[PDB]
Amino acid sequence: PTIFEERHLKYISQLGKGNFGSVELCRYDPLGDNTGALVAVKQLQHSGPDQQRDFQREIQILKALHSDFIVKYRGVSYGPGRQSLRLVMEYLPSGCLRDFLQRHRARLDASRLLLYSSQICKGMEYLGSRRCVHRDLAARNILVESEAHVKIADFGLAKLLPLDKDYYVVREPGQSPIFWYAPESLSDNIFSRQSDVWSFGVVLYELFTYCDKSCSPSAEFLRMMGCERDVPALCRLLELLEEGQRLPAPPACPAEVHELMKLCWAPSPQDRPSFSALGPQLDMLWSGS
């Protein structure tokens, strides 16, 4: 089905929350005999008309995307009175990549991490071909379909580029993931496929740190930033990035991967590699392990 009856979506548990949305595990059980399939259902919480209109666009974006590396749209569910719109997606029980890395570091090696990186990259290349900027590319928004298959799986901040420009200025309520954001996103609120490339470099750092919280992007940058009176956190972050400071090479991270990170973190967006150019290099590295 593409329209799911709200009364047949049986709530099981929370799967996650981010920005202004929440995703819940539900069994779509039309017969009520508890035989239906599990689905992931996203909805808004503490949201006004602005966020509701944004959520409708999020649905239309995900509905239009068709990639082995992008979570599958299944349909929508309209609450009573068509007042609480819900987005129904395939449920990937292995969960998000961040949690997966923190649980299974011992049995994951560089080749497997490079495979994930390659698949994320191909997903992002596809998004770019649809003129879609993700704006929230991070390990917490990647799902594990299987041991050797990941998917980009949250689009709460995603935007479609205008037809006349390859960038988009976005100023919206909520806390930004500033430690994944390129300098032009931090300062000018500009987002593009090349600002996503910056975030992808941070994702590479996350994967080869196994999303260890002690050396996460926030922990690392916050140590570099320090704390100065009348110097807001955003300014200190912009300052250290302009000075050339970057997240460090994760221990045991292959030198080639660290080089790619640094290229993704070029100061100016036009100087960063495209996802189309990163892909073949990641495939080569995964073939060399």
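In this text, residue numbers run from 1 along the sequence as written.
Student: If you average the Cα B factors in the entry, which is higher, 199 to 207 or 175 to 183?
Tutor: Mean C-alpha B-factor is greater for 175 to 183.
Student: For the higher mean C-alpha B factor in the entry, choose 9 to 17 or 263 to 271.
Tutor: The stretch with the larger mean CA B-factor is 9 to 17.
Student: Whose CA atom has the top B-factor in the entry, of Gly156, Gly95, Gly128, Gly81?
Tutor: Each of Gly156, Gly95, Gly128, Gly81 was compared by C-alpha B-factor; the highest is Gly81.
Student: Which has the highest CA B-factor per the PDB entry: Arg193, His149, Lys165, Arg74?
Tutor: Among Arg193, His149, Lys165, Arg74, the highest C-alpha B-factor in the entry belongs to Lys165.
Student: What third of the chain, by the recorded C-alpha B-factor, contains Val169?
Tutor: Middle third of the chain for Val169's C-alpha B-factor.
Student: What third of the chain, by the recorded C-alpha B-factor, contains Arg27?
Tutor: Middle third - that is where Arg27 ends up once the chain's C-alpha B-factors are sorted.
Student: Is the Cα B-factor recorded for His66 in the lowest, middle or highest third of its chain?
Tutor: Answer is lowest: the recorded C-alpha B-factor places it there.
Student: According to the PDB entry, is the CA B factor of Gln102 in the bottom, middle or top third of its chain, that is, lowest, middle or highest?
Tutor: As the PDB entry reports it, the C-alpha B-factor of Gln102 lands in the middle third of its chain.
Student: Ranking every modelled residue in this chain by its Cα temperature factor as given in the entry, which third contains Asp136?
Tutor: Bottom third by C-alpha B-factor.
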